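What follows is a single chain, given as structure tokens, in the form deposited in one PDB entry.
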């Protein structure tokens, strides 16, 4: 995705901060490679923001507004017919959904911020941007080093120490090996640090003798043999990667884009999007308005923006009456100490962000406690007016709400918002039981005409039995279960649950005892064909690590087509009891964890954990490498046998977790990858954060092999 020329040429803005009240003129740019959004002050200083760190961009009325009187005067915000809203730009960045930074800009020229917002987000959100080769992430480092210059236009040696902080002596030695100065207060001409010199620097700092071991120099014939035998035109690869094929040439080849750990086409939108809505796994958030714990902490409408921007397609609104003297509907976790937001604010947030990154339909799960015709009427009017044409207010002509009629497809409902709401306890012991399980979901109130009229394809009803649901044969009825109730059902009525999910929707949500907003592991519910397995997006624990990872695929649309046997009515499937037909494309996966590079910002021992998520009958062994030989985190090499996952039964449903840890089990980076997206051979596995964001420094070198 090429960086448009105007972005690299730059535009004039005033950058402002509310906490400091400082407003400074800047030129804003994206570098030609699209690694950094950066701004340059009049005094020549620069600040950089990784493109991969950007979560959203906002223009006009959606941008952040200056709150201090000092800044309001500067921007003439107390004036009739001012052009301030034609000048505002906000860039939102952060390592997860909650820890957000707002970078705020006001353009000198009118209207330019719209293009900046749209084009920058397009670069950030392209499924391939985060999935570049190891070489690209290494290049990102080089570009930073060469752009962050001192007063004399030179690279301070201290910037090398900051970039590679684990071992100063080794950095000094690598600079010296390149005939560059290594003095603490020395500086380097950027002209003396082109790509080949950078490569030499890396080879000195981070030697790769484990790659030299594959040479058992290469010619055309020998390298062709390697590519055809191990990795599952050759002279052109030598010309591209050989510095003078040498060991170093092989290093760069193996770090290059010709070698991809993923079948990258699978990151793009590519699933059949024309099947009934309930034939997909749907990315789903629980108690979306909460930023932290379930019992206390801030509620924020910003959570709706954040989850929707990551392709979440099902969110939750817990609606309550205003607290007298207030008479305006609010969103909060009832009977707790969580803060309140206005219902209106949530609708405004959803309307803004709903289709920015995915065009496919969203479902709003209302948990309604507003036992007021007036306040329900306000709720319904907010939805109708703010969502406008986005709101699905009536069923589609092709899909009437009658027995035997399937749900419409994601494609049939492109750009539509669907409302899930009802459509037309007392003592200490009972309270405790409810709090431990369904929580406030056990306390919903009757819907009146205004709210009822908005409900069509997602009608919640009390579950009776799978037999009863099958008899009634209504695809437009949804059943919701706590993790506890659904576990009881999937354990005791597995086949019936899968069959239910071929016709109707189920939504799963965390039990009430999880007051710290911990998550349950989603796999067992996906295994039963459950579509909306709702998790707390503010908690990037293992469940969310998996959720973010698997939903990155299919364009981060928030929809993944379920396995054929979870869809077609003529093949009964039981995830606990596979048959001959189920296992037709079973595979055995071997992964060898060979070595790691720049794994930590400090010298500490490290190890790698590997496991598989999948069916009950899938291989359950969890592997760990030994600790690294020493506290060397620059280039540890392990001496491990392949980790074998024998008979992955239905690879489409399985994912491989590879997680890198410091001694003590402190997270450094990970990947969770659907089995069918993996390429075989020697690869440099670039590591992601808990929230699946690409990390620049750390990588693993691995060998993958798959057999029938």
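Only residues modelled in both forms are compared. Residue numbers count along the first chain shown, from 1. Whichever C-alpha set is largest while still superposing within 1.5 Å between the two forms counts as the rigid core.
One more form of this protein exists, namely the form deposited in another entry; it is left out here, but the text below deals with it.
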- Identity of the moved residue from 222, 323, 474, 602, C-alpha shift 2 angstroms or more, core fit between this form and the one not shown: 323
- Message: Given a superposition on the rigid core, I'd like a yes or no on whether residue 431 shifts its C-alpha by 2 Å or more between this form and the one not shown.
- Response: yes
- Message: Which residue stretches between this form and the one not shown come out as moving, taking only runs of at least three where every Cα shifts by 2 Å or more after core superposition?
- Response: 323-326, 425-433
